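What follows is one structure encoded as structure tokens, with my remarks underneath.
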Amino acid sequence: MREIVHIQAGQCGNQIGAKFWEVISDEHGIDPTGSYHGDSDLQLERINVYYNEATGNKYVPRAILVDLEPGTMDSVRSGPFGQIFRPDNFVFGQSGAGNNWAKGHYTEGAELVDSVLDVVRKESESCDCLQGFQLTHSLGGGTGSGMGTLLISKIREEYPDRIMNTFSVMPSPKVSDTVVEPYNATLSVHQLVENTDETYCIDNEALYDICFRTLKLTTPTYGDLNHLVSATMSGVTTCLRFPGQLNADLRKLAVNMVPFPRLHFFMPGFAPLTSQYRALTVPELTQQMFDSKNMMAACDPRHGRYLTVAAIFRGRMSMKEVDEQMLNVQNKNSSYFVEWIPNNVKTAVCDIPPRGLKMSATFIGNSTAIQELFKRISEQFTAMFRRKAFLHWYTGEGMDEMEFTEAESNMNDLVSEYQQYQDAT
Amino acid sequence: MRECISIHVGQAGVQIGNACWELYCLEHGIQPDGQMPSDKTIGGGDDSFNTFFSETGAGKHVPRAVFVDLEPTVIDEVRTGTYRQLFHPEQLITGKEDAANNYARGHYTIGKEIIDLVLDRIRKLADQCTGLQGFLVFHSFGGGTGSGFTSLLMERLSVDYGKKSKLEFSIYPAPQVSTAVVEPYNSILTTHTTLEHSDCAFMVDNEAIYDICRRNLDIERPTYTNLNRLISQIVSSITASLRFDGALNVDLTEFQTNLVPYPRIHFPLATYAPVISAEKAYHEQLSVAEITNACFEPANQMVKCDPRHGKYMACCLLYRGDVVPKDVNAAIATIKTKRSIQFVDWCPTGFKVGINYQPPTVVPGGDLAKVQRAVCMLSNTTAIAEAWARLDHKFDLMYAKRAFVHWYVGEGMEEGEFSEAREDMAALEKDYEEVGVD
Amino acid sequence: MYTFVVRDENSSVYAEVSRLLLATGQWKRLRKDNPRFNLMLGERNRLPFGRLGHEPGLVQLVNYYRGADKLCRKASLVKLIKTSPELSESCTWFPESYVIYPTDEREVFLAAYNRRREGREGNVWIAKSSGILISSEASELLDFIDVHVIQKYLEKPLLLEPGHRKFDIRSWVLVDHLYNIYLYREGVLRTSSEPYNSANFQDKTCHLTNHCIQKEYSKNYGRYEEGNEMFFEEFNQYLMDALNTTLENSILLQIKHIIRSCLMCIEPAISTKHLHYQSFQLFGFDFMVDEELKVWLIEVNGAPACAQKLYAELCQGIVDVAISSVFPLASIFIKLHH
Amino acid sequence: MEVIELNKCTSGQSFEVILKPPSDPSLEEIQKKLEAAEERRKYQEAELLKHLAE
Ligand SMILES: Nc1nc2c(ncn2[C@@H]2O[C@H](COP(=O)(O)OP(=O)(O)OP(=O)(O)O)[C@@H](O)[C@H]2O)c(=O)[nH]1
Ligand SMILES: Nc1ncnc2c1ncn2[C@@H]1O[C@H](COP(=O)(O)OP(=O)(O)CP(=O)(O)O)[C@@H](O)[C@H]1O
Ligand SMILES: Nc1nc2c(ncn2[C@@H]2O[C@H](COP(=O)(O)OP(=O)(O)O)[C@@H](O)[C@H]2O)c(=O)[nH]1
Ligand SMILES: [Ca+2]
Ligand SMILES: [Ca+2]
Ligand SMILES: [Ca+2]
Ligand SMILES: [Mg+2]
Ligand SMILES: [Mg+2]
Ligand SMILES: [Mg+2]
């Protein structure tokens, strides 16, 4: 009974968090009313990791929904699985955050964080042995970004020996709401560098390219982007939700993926990605799984080196062939795997595939090429900060320019740290 | 009669121990409920099989075993397994959260909080023993519990049972089935701390067992169940002398006397044969010379290495089945005139042989086929240092960058213990080279 | 695509093999410390055999036989021939040799030395090790050593005419992972450009056929043949015109016999037949020929260098016989059967 | 080959074949190291809480 407490904050966080629970609920045989109607005991063997068991044999997701505006959360409560969430776990305000990190972190958010921690405490107090926390949010907005990182700081203070894991959507000018997204993302990244053990970097720029280029969606929507995130989130959590030997919990995953404490930002990848009945052979899953076009961070892996990699194959397939193909990828491109971490590629196999697929593969890589993501954000930040453009939105909430300079310096350090290990021999 | 207590630590130790006691019951005719019809002394006795099994007034034969794991899911399978009736709750010890493949977490953080409980449960078994010989400790090298908590348990055992012997059955890490990148760290950390507390340790490299299963059993992707059934056969061959009537290796002290002249060099190489697939109806039964000759093939060793490029310090042959001394000596003569067998000058070139007429027992429905005769060679050869060299190299690669070191310091371990443990392995490699190289 | 690493930058032979492998377009060279390789062109000293064959899904091959140093060392070769029953103390194709330390064989060496002195037989010996001294008095030899070997210096060597000069025959032998013994059809006679003078052994220019000593101390370097190197075609023609015989009958039969005896002796100790990795290795045998057309084994080189005119052919043969046999892509050798 | 010390029983026999003759820390010290590591953890956590308090 290694429980995980899920938290989703802000518009993006709640819309992607809702899809996540809709997806894994279907995989575990849970219906929109919390009643289980599956046909395999594997669906319930580790159901307690994400679900509470209530009266009448109901399964209640261990999820906490947070937002400074009630708008998006009202959609969740009315969505497909809206009735499955614990009503008391809906914590929301009324003012909003106006895509402003300062409002979510210092003013508007500070007023609501205590009531969120009360709900987190109630969930933890019923956990036989709490593993840690899983937060979904974006970095470009105000609530998920500003208040999300505030929650993480206060969760760490109250549970310093627990693992903190986040799915963090990075902003991109291709799929942008406001011009201040680089400001908000740069301020959040430093918080994540200190107060998370594992962060999946989901780049809206990559999600858009995949929808437009690969899936052939000429006018991608947020729903289209969230389809890729749901499939990726289901994949990266497979080893946590089903019986297995590798990365079976959050702490063992961190031990296998994080050789240095600050370099814990992962590139997720998913396969297949079809624009749909054809069978996908194991060699095809492996090649597509490692192809940059299947990465969710918009970073070219061949531009850096892999510190560690976690692969997960789902479905009924030859494990001998999985081992052979995985060994073929490493042995045929060993120049992209750091030589000072022997056997840094670990593979897992789950028999239960995702919905609508005979088999699939999820990629989790700790590559030094992730610096290209932070460089991109760093450049956009500086383009505006060099002229102090749009700063009044933040100084008006009590922030000083020095805090921006420090956030800028912190992310340049993070970029430098990735660079030194990309050269290391 | 002197009792032996088996201690199983971590997933590897527990699952292997579960497979061993299943084989013991089959060998000794003990049923899953603990009853033993052939045992006419009800509720007592000092027979050879009593070194591993105690007896209740109701005639149940209870293993003198303790299972320890910082996570409950693995030991729970023992509580609800086929031989669940053999054990009682006091024998099974589980925690809430495991060591997360972190030696420091298993040794310092979690070990400090559960060590007293384990010793107390072990004390209960020792109180039943009229003359305890010592302990057999099953564990892995790469796991956080098997490495970290085992070294703490071994240290305390030397304190609470100073005169008792301790033998190890250790699982050497193999990437083909390994579950953590830091397993080289845990292997060297636990070997350093445990070196001065183990009288004799049998290393089993999962790579060797894995290939033996694929090659000789026709298993495409061997599982832990496949690996553990083969390992239990090896362990059974090594402990049979303690559980059956005989004159060779009749007590734990005799293992050190026959296999370990130098205390630090106490890692005998195990070679087993024959391994025949049960999926084939008929198979040409191998003779004494053929199975004895197989003991000198690296493909049958528990640790892949080349004894030709080393030196022997001692060599024991443990036969089970239709084997008479005449055939053994004849086969040894042929092998000498064909094999590269070199002993150190300060040791006699010879073989201590033990024969048990009862042929090997195989789990009904398993993968190993019944055979008329089998042998396990226990040879203390310097060639096994190749395993230390491989392990120390991977350690050097990661530690040069301090990769993953922060996970250990975060648990209260000082970074100096790393280099302290590595320097000990460096001395160990040097001892092997001085003993078997010119 | 097959992968390989290079760990001996000073190897002229395998520097060509590596160049050939790359030219095939089907082989890829990795960093010298990358373990995910199919082939290792290992270093001369302390090659980590213990770390080979532990890479899942990688058939690994190395270009050196672990333990072959017994044959490729002065003192080791002597000990192997005396103690090995297959070669026996009664070995007829190996000069009488003894190992002397500065166990030891000092007293045994002087024993046979006194016997020759009384019988008036040629009692000249040569001391060498892995700096040489050729003397007729044993006292000078032992004083010079203060690990060396002393063997009977062949005082009646076959001398080529014109020139009245000494020489030695170098044979390249390739042993593959299956332990097939392949003798390169092309040899080289490293001749002395100075006339043999059995009067004063101090002038070693005419007594040492080394290619370097002839180019540094010999005044007639390259006079008779380019680089004091005579190949089998010319040497065979000479044997026909001079001694009315062929190179095959008079010498090559004994050379093949000696190569088999040495390699088949150590096969049980170095064979990689049932090992987790496979080995091959190129050897350099050096023979002496006396006036009776008897072949004598001088030593065996474990890391030999090829002749300039033969690098292309031989190196290409190493790829076909030793490498491509284990890693096939998309005869110049004489197979010595056994 | 010299066979020595041959012992026989109903379940088997044993013997030796010669081919050629030859040519701890105290309980207190452990408790200290365990408590020393525990103290280093308490110090690191205190620094974290101090950092978070700032
Ligand atoms: N032969 C064999 N090896 C095993 C088995 N289980 C785990 N291992 C090996 O043990 C190593 C990991 O150690 P574990 O025993 O699983 O971990 P642990 O001792 O429970 O310690 P924790 O980190 O707290 O879980 C890996 O190299 C595995 O290959 C098993 O049942 N049989
Ligand atoms: N027993 C002997 N009788 C006559 N000449 C001998 C001899 N031993 C050596 N020589 C001469 O000395 C030369 C060099 O000897 P040796 O081969 O032992 O040294 P080396 O290892 O430096 C050369 P290489 O490595 O090419 O064989 C030989 O080419 C040979 O002409
Ligand atoms: N993938 C994805 N990204 C989103 C979604 N909604 C908003 N975003 C991104 O998140 C950023 C805006 O943050 P938002 O969640 O709206 O701010 P918040 O509600 O104050 O936390 C922008 O970069 C958007 O591109 C969504 O549903 N899916
Ligand atoms: Ca207010
Ligand atoms: Ca009894
Ligand atoms: Ca002791
Ligand atoms: Mg918004
Ligand atoms: Mg465990
Ligand atoms: Mg030489």
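Letters A, B, ... mirror the listed sequences (proteins, then strands); counts begin at 1. These values consider heavy atoms only, across backbone and side chains, with no hydrogens, waters or symmetry-generated copies. Atoms within a ligand are numbered from 1 in the order they appear, just like the ligands themselves.
In summary, A:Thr72 places no N/O/S atom under 2.8 Å from the Mg ion (ligand 7), failing the contact criterion.
A cation-pi arrangement, defined by a distance under 6.0 Å to the six-membered ring centre and an angle within 45 degrees of its axis, is absent between C:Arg165 and C:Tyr196. Remark: C:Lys309 qualifies as a cation-pi partner of C:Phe231 under the 6.0 Å distance and 45° angle criteria applied to the six-membered ring.
No heavy atom of C:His211 sits closer than 4.0 Å to any atom of ligand 2. The closest approach between C:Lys74 and ligand 2 falls below 4.0 Å for a heavy atom of the residue.
Aromatic ring orientation, C:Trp125 versus C:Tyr113: tilted (interplanar angle from 30° to 60°). Aromatic ring orientation, B:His8 versus B:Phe138: tilted (interplanar angle from 30° to 60°). C:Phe285 and C:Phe287 have parallel rings, their planes meeting at less than 30° on a 0 to 90° scale where 60° marks the start of perpendicular. Using cut-offs of 30° and 60° for the angle between ring planes, the C:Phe201 and C:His207 rings count as tilted.
The single protein non-hydrogen atom nearest to atom 25 (O) of ligand 2 is C:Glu299 OE2, 2.7 Å, given as residue, atom name and distance. Among all non-hydrogen protein atoms, the one lying nearest atom 11 (C) of ligand 2 is C:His207 O, 3.8 Å. For atom 9 (C) of ligand 2, the closest heavy atom belonging to the protein is C:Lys128 NZ, 3.7 Å. Of all protein heavy atoms, the one lying nearest to atom 10 (N) of ligand 2 is C:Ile126 CD1, 4.3 Å.
The distance from atom CG of A:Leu225 to atom OH of A:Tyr208, rounded to the nearest 0.5 Å, is 9.0 Å.
Atoms of ligand 2 found under 4.0 Å from any heavy atom of C:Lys166, numbered from 1 in the order shown, are 4 (C), 5 (N). For ligand 2, the atoms sitting less than 4.0 Å from at least one non-hydrogen atom of C:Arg170 are 26 (O), numbered in the order shown with element in parentheses. The ligand atoms of ligand 2 that sit less than 4.0 angstrom from a heavy atom of C:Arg190 are 26 (O). Which parts of ligand 2 touch C:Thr209 is read off a 4.0 Å heavy-atom cut-off, strictly below it: atoms 28 (C), 29 (O), 30 (C), 31 (O). Which parts of ligand 2 touch C:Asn210 is read off a 4.0 Å heavy-atom cut-off, strictly below it: atoms 13 (C), 14 (C), 20 (P), 22 (O), 23 (C). Atoms of ligand 2 found under 4.0 Å from any heavy atom of C:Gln151, numbered from 1 in the order shown, are 1 (N), 2 (C), 7 (C), 8 (N).
At least one donor-acceptor pair under 3.5 Å links the side chain of A:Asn184 to the backbone N or O of A:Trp101.
Atom 15 (O) of ligand 2 lies below 4.0 Å from none of the non-hydrogen atoms of the protein.
Salt-bridge annotation for C:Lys152 and C:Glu155: present, with a side-chain N of the basic residue lying under 4.0 Å from a carboxylate O of the acidic one.
Closest heavy-atom approach to atom 27 (O) of ligand 2 among the candidates C:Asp286, C:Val300, C:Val149: C:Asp286.
Residue contacts with ligand 2: C:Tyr153 is placed with no nitrogen or oxygen under 3.5 Å of a nitrogen or oxygen of the ligand (distance criterion only). At least one N or O atom of C:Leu154, backbone or side chain, sits closer than 3.5 Å to an N or O atom of ligand 2.
Aromatic rings from B:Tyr103 and B:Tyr408 are positioned such that their centres are separated by 6.0 Å or more.
Taking the side chain as every heavy atom from C-beta outward, C:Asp168 and C:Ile298 never approach each other to under 4.5 Å.
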